[PDB]
Amino acid sequence: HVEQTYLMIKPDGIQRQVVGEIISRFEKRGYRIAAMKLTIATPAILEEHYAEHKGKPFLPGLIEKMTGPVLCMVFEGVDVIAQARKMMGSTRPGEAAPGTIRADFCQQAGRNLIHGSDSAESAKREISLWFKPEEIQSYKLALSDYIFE
Amino acid sequence: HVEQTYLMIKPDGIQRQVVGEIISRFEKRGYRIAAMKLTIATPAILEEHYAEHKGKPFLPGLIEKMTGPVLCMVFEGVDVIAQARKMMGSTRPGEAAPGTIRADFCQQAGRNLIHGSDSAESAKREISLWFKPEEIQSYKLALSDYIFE
Amino acid sequence: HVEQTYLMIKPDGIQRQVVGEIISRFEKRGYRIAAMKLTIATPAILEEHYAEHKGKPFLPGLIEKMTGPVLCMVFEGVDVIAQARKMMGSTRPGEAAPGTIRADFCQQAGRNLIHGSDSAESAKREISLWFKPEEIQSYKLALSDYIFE
Ligand SMILES: Nc1ncnc2c1ncn2[C@@H]1O[C@H](COP(=O)(O)OP(=O)(O)NP(=O)(O)O)[C@@H](O)[C@H]1O
Ligand SMILES: Nc1nc2c(ncn2[C@@H]2O[C@H](COP(=O)(O)OP(=O)(O)O)[C@@H](O)[C@H]2O)c(=O)[nH]1
Ligand SMILES: Nc1nc2c(ncn2[C@@H]2O[C@H](COP(=O)(O)OP(=O)(O)O)[C@@H](O)[C@H]2O)c(=O)[nH]1
Ligand SMILES: [Mg+2]
Ligand SMILES: [Mg+2]
Ligand SMILES: [Mg+2]
């Protein structure tokens with residue numbers, strides 16, 4: 001049984017030109033690209049994306065940092081929501097484990113390269129926010145017999 | 001004082017075409033390739049390899065998944081039995097530490113890319129099962145003075 | 001607020017020809033190269049460098065193993081003293097976390113590839129020992145807005 005998670009490369013990932021390296025880490029585990037789109041995030045969509053932080057003092061500066069080019073992604077795999085969070089590492093790069101994206105690429109939480117859904121409910125909500133159903137692509141990986149039990 | 005461990009790239013490592021990447025991880029630490037052989041694992045040899053699991057319900061499907069091309073390897077180094085196990089990571093990739101082979105490449109225990117001996121006794125048994133003595137090569141690494149104390 | 005740490009590639013890092021790989025790991029986090037110099041370490045300077053270890057049983061052999069080409073480096077970043085130590089990993093490569101330099105490249109404490117300052121005080125002292133102030137270069141990284149909060 002597979003699930004789908006929402007992963008988003010933030011503007012610092014675009015501007016530091018590590019998009020391909022990020023994608024390769026997820027492809028390396030046999031996770032399937034189910035959707036992908038480059039866009040420029042707007043405050044209106046970011047307010048909904050970060051609805052959990054509404055009213056908090058840091059929300060205006062988070063939205064400002066995120067107003068820029070982003071790569072919206074959906075990846076599919078076993079336990080991929082929790083696993084992608086593990087691969088990303090802790091919010092604060094200095095506390096993230098070696099070998100995670102944030103530890104390997106970043107210094108501070110405010111520029112930590114990538115977002116990933118933190119739960120099944122948030123993944124469903126975030127995928128629906130950033131993608132229309134017609135943009136989610138269903139196909140089978142040819143190596144499936146060697147990736148899955 | 002060095003020891004030798006038996007490492008085997010399973011059919012998923014061959015079919016996903018990551019053999020060279022796996023070998024490079026062990027070469028990177030200055031471990032010496034003492035033996036290397038491509039073969040196709042058969043049920044009779046796999047029954048002896050997995051003798052500890054005889055009779056268990058999961059063994060038949062394990063043998064089926066392992067019936068395929070494998071790369072038999074012997075690596076030599078300080079504490080290499082335990083260290084190779086650490087490098088592979090937990091049997092279940094989702095529990096494996098970031099930076100390990102199974103965490104970086106895999107999703108499920110039944111397709112977890114690689115086997116390594118779990119003890120000195122199993123290394124001796126497994127090397128004897130999969131290799132003839134003529135296939136174990138004795139030579140010295142030229143960089144030894146910069147690898148070992 | 002950024003700080004500066006002293007990092008030194010030991011003779012095993014030079015001789016195994018992994019200098020570039022080491023530098024890339026620090027550049028990948030947006031750490032800035034503030035100083036860099038190839039020299040051959042001599043006992044007199046190494047005695048001052050390792051002054052804290054005076055009298056310990058491994059010191060004479062440590063000085064012998066360190067008498068050779070070294071790459072002196074200063075890197076700048078947020079919390080870079082502690083973070084570089086985390087990236088290097090434990091003194092013993094066998095205890096170091098997967099994904100650290102020592103775990104990925106080495107086997108034994110006596111050949112563990114790299115030195116890094118362990119504190120703000122030792123970083124100040126080591127930078128002054130190996131570099132004159134005129135050798136420390138100040139410039140701003142063009143991607144600073146995407147590395148720092
Ligand atoms: N619950 C399970 N479900 C699926 N496959 C399993 C399970 N438990 C074990 N396996 C498979 O059987 C192998 C042998 O189990 P075990 O010897 O306990 O793990 P290991 O030593 O980490 N791996 P191996 O290289 O096969 O010896 C595992 O590597 C998996 O490929
Ligand atoms: N500067 C700064 N940014 C933060 C802090 N906490 C969170 N953020 C930013 O806000 C984003 C969303 O916060 P959160 O959902 O709690 O963290 P995440 O799930 O790891 O992305 C993070 O990824 C960070 O970029 C903080 O303490 N300082
Ligand atoms: N052979 C050997 N070398 C050691 C030992 N302890 C320390 N060293 C070496 O001495 C160096 C400096 O020691 P220390 O400052 O404690 O370790 P570091 O801060 O991790 O570099 C280490 O990096 C090792 O190369 C030991 O027990 N045996
Ligand atoms: Mg979050
Ligand atoms: Mg076993
Ligand atoms: Mg020290």
# chains A, B, ... in the order shown; residues from 1 in each chain; ligands from 1

$ interface_residues --of "chain A" --to "chain B" --cutoff "6 Å" --atoms "only C-alpha atoms" --output "ChimeraX atom specification"
/A:28-29,99,146-147,149

$ residues_near_ligand --ligand "ligand 4" --cutoff "10 Å" --atoms "only C-alpha atoms and all ligand atoms" --output "mmCIF file with C-alpha atoms, in the first residue's frame"
data_model
loop_
_atom_site.group_PDB
_atom_site.id
_atom_site.type_symbol
_atom_site.label_atom_id
_atom_site.label_comp_id
_atom_site.auth_asym_id
_atom_site.auth_seq_id
_atom_site.Cartn_x
_atom_site.Cartn_y
_atom_site.Cartn_z
ATOM 1 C CA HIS A 49 -0.899 26.707 2.787
ATOM 2 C CA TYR A 50 0.211 28.034 6.176
ATOM 3 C CA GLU A 52 -2.066 26.573 10.821
ATOM 4 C CA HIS A 53 0.100 29.644 11.535
ATOM 5 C CA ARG A 85 9.929 14.141 6.467
ATOM 6 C CA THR A 91 13.110 22.201 10.733
ATOM 7 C CA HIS A 115 8.555 21.715 2.556
ATOM 8 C CA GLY A 116 6.874 18.331 3.041
ATOM 9 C CA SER A 117 3.461 17.323 4.331
ATOM 10 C CA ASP A 118 3.579 16.283 7.980
ATOM 11 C CA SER A 119 0.595 13.890 8.108
ATOM 12 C CA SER A 122 -2.074 17.607 5.642
#

$ select_by_dssp --residues "stretch 44-126 of chain B" --states "alpha helix (DSSP H)" --output "NGL selection string"
:B and (44-49 or 59-66 or 80-88 or 101-105 or 120-126)

$ write_last_selection --atoms "N, CA, C and O atoms" --output "short mmCIF file (atom, residue, chain, number, x, y, z; two decimals), in the first residue's frame"
data_model
loop_
_atom_site.label_atom_id
_atom_site.label_comp_id
_atom_site.auth_asym_id
_atom_site.auth_seq_id
_atom_site.Cartn_x
_atom_site.Cartn_y
_atom_site.Cartn_z
N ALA B 44 18.43 -24.02 -3.90
CA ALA B 44 19.22 -24.89 -3.02
C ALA B 44 20.29 -24.12 -2.26
O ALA B 44 20.49 -24.35 -1.05
N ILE B 45 21.00 -23.21 -2.93
CA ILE B 45 22.04 -22.48 -2.21
C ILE B 45 21.40 -21.48 -1.24
O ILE B 45 21.89 -21.28 -0.13
N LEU B 46 20.27 -20.88 -1.64
CA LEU B 46 19.58 -19.93 -0.76
C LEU B 46 19.01 -20.62 0.48
O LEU B 46 18.95 -20.00 1.55
N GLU B 47 18.57 -21.88 0.35
CA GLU B 47 18.13 -22.60 1.54
C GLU B 47 19.26 -22.74 2.55
O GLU B 47 19.02 -22.66 3.76
N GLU B 48 20.49 -22.97 2.08
CA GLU B 48 21.60 -23.08 3.01
C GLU B 48 21.99 -21.71 3.56
O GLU B 48 22.31 -21.57 4.74
N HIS B 49 21.97 -20.69 2.71
CA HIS B 49 22.27 -19.34 3.18
C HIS B 49 21.32 -18.94 4.29
O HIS B 49 21.74 -18.38 5.32
N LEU B 59 9.84 -17.76 4.48
CA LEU B 59 11.01 -18.19 3.73
C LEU B 59 10.68 -18.43 2.26
O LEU B 59 11.46 -17.98 1.40
N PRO B 60 9.59 -19.09 1.89
CA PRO B 60 9.36 -19.35 0.46
C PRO B 60 9.37 -18.09 -0.39
O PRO B 60 9.98 -18.07 -1.47
N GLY B 61 8.76 -17.00 0.09
CA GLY B 61 8.75 -15.77 -0.68
C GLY B 61 10.09 -15.08 -0.65
O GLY B 61 10.47 -14.42 -1.62
N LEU B 62 10.84 -15.24 0.43
CA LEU B 62 12.20 -14.73 0.46
C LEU B 62 13.04 -15.41 -0.61
O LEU B 62 13.76 -14.75 -1.38
N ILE B 63 12.96 -16.73 -0.70
CA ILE B 63 13.76 -17.45 -1.68
C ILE B 63 13.37 -17.03 -3.10
O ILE B 63 14.24 -16.83 -3.95
N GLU B 64 12.07 -16.88 -3.36
CA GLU B 64 11.63 -16.42 -4.68
C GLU B 64 12.23 -15.06 -5.02
O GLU B 64 12.75 -14.86 -6.13
N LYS B 65 12.18 -14.12 -4.08
CA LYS B 65 12.71 -12.80 -4.40
C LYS B 65 14.22 -12.84 -4.61
O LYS B 65 14.75 -12.04 -5.38
N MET B 66 14.91 -13.78 -3.96
CA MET B 66 16.36 -13.87 -4.07
C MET B 66 16.83 -14.75 -5.23
O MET B 66 18.03 -14.78 -5.49
N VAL B 80 35.08 -4.73 10.02
CA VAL B 80 34.25 -4.55 8.83
C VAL B 80 32.91 -5.30 8.93
O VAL B 80 31.95 -4.93 8.26
N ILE B 81 32.84 -6.37 9.71
CA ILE B 81 31.56 -7.06 9.85
C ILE B 81 30.51 -6.13 10.45
O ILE B 81 29.46 -5.87 9.85
N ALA B 82 30.81 -5.57 11.62
CA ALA B 82 29.87 -4.66 12.26
C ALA B 82 29.72 -3.37 11.46
O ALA B 82 28.63 -2.79 11.40
N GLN B 83 30.83 -2.88 10.88
CA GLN B 83 30.74 -1.61 10.17
C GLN B 83 29.89 -1.74 8.91
O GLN B 83 29.11 -0.82 8.59
N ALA B 84 30.02 -2.85 8.18
CA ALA B 84 29.21 -3.02 6.99
C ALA B 84 27.73 -3.12 7.36
O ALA B 84 26.88 -2.57 6.67
N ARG B 85 27.42 -3.76 8.49
CA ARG B 85 26.02 -3.79 8.93
C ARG B 85 25.51 -2.40 9.23
O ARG B 85 24.37 -2.05 8.89
N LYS B 86 26.34 -1.58 9.89
CA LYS B 86 25.96 -0.20 10.18
C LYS B 86 25.73 0.57 8.89
O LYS B 86 24.81 1.40 8.80
N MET B 87 26.59 0.36 7.89
CA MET B 87 26.47 1.09 6.63
C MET B 87 25.21 0.68 5.87
O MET B 87 24.61 1.52 5.19
N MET B 88 24.84 -0.61 5.93
CA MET B 88 23.62 -1.07 5.28
C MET B 88 22.38 -0.46 5.92
O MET B 88 21.42 -0.13 5.23
N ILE B 101 22.69 2.58 3.32
CA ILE B 101 22.29 2.09 2.00
C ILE B 101 20.78 1.88 1.95
O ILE B 101 20.10 2.32 1.01
N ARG B 102 20.22 1.19 2.94
CA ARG B 102 18.79 0.88 2.84
C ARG B 102 17.92 2.13 2.96
O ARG B 102 16.87 2.22 2.29
N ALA B 103 18.31 3.10 3.79
CA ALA B 103 17.55 4.34 3.89
C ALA B 103 17.64 5.15 2.60
O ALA B 103 16.68 5.84 2.23
N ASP B 104 18.80 5.14 1.95
CA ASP B 104 19.03 5.98 0.78
C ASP B 104 18.40 5.39 -0.48
O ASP B 104 18.09 6.14 -1.43
N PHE B 105 18.26 4.06 -0.54
CA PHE B 105 17.83 3.39 -1.76
C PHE B 105 16.49 2.66 -1.69
O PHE B 105 15.94 2.35 -2.76
N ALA B 120 31.08 -12.87 13.14
CA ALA B 120 32.26 -13.57 12.65
C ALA B 120 31.92 -14.99 12.21
O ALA B 120 32.41 -15.48 11.18
N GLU B 121 31.07 -15.68 12.99
CA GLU B 121 30.71 -17.05 12.65
C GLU B 121 29.92 -17.11 11.35
O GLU B 121 30.20 -17.98 10.50
N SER B 122 28.97 -16.20 11.15
CA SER B 122 28.22 -16.22 9.90
C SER B 122 29.07 -15.77 8.72
O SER B 122 28.84 -16.23 7.60
N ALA B 123 30.05 -14.88 8.92
CA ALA B 123 30.90 -14.51 7.80
C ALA B 123 31.69 -15.73 7.30
O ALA B 123 31.78 -15.97 6.10
N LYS B 124 32.25 -16.50 8.23
CA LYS B 124 32.99 -17.70 7.84
C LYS B 124 32.09 -18.68 7.10
O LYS B 124 32.46 -19.22 6.05
N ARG B 125 30.89 -18.90 7.63
CA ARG B 125 29.96 -19.83 7.00
C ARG B 125 29.53 -19.35 5.63
O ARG B 125 29.50 -20.14 4.66
N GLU B 126 29.20 -18.05 5.51
CA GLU B 126 28.67 -17.53 4.25
C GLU B 126 29.76 -17.45 3.18
O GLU B 126 29.51 -17.73 2.00
#

$ atom_distance --atom1 "atom 20 (P, counted along the ligand's line) of ligand 1" --atom2 "atom CA of residue B:7"
11.1 Å

$ closest_residue --among "C:34, C:2, C:23, C:9" --to "residue C:134" --atoms "only C-alpha atoms"
C:34

$ closest_residue --among "C:39, C:54, C:131, C:31" --to "residue C:4" --atoms "only C-alpha atoms"
C:31

$ atom_distance --atom1 "atom CA of residue A:72" --atom2 "atom CA of residue A:127"
9.0 Å

$ atom_distance --atom1 "atom CA of residue B:114" --atom2 "atom CA of residue B:8"
5.5 Å

$ closest_residue --among "B:69, B:51, B:57, B:26" --to "ligand 5" --atoms "only C-alpha atoms and all ligand atoms"
B:51
